[PDB]
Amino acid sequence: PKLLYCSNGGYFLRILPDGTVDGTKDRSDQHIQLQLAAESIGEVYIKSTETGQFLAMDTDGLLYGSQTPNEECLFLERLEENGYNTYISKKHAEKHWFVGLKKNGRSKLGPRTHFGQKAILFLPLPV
């Protein structure tokens, strides 16, 4: 189990129960305890320990919580240099659609993310 610390405004990825994912500067929230599992090497799954939903990304690139894992719940996982990670939506690895949060907490649409951005670096912390 592990908080997912986005380096941007310092939030913690939070998959909510209505499927809305966004970020929170609140550690205490239990909807932010995600656990990562790996479907293969370099490929990871991310799911709420609280609700069991899965992280996932539309075709619009909208991070969203899915009740059951699928083609959209899989994410590439690179261990950047700052020591920070980076999850590339697999289904949209071709267009570098990263999982990211903006400074205001909202998520970032896959398409507007871009390597080198600061909203795309998460630092997994223990739960």
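Numbering starts at 1 and follows the sequence shown.
Asker: Comparing 33 to 41 with 97 to 105, which stretch shows the greater average C-alpha B-factor in the deposited entry?
Answerer: Stretch with the greater average CA B-factor: 33 to 41.
Asker: Please compare 8 to 16 with 114 to 122 and name the stretch with the higher mean C-alpha B-factor in the deposited structure.
Answerer: Going by the record's values, the stretch with the higher mean is 8 to 16.
Asker: Tell me, lowest, middle or highest third: where does the Cα B factor of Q53 rank within its chain?
Answerer: CA B-factor rank for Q53: middle third.
Asker: How does the C-alpha B factor of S66 compare with the rest of the chain: lowest, middle or highest third?
Answerer: According to the entry, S66 has a C-alpha B-factor in the chain's highest third.
Asker: Sorting the chain's CA B-factors, does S89 end up in the lowest, middle or highest third?
Answerer: Middle third by C-alpha B-factor.
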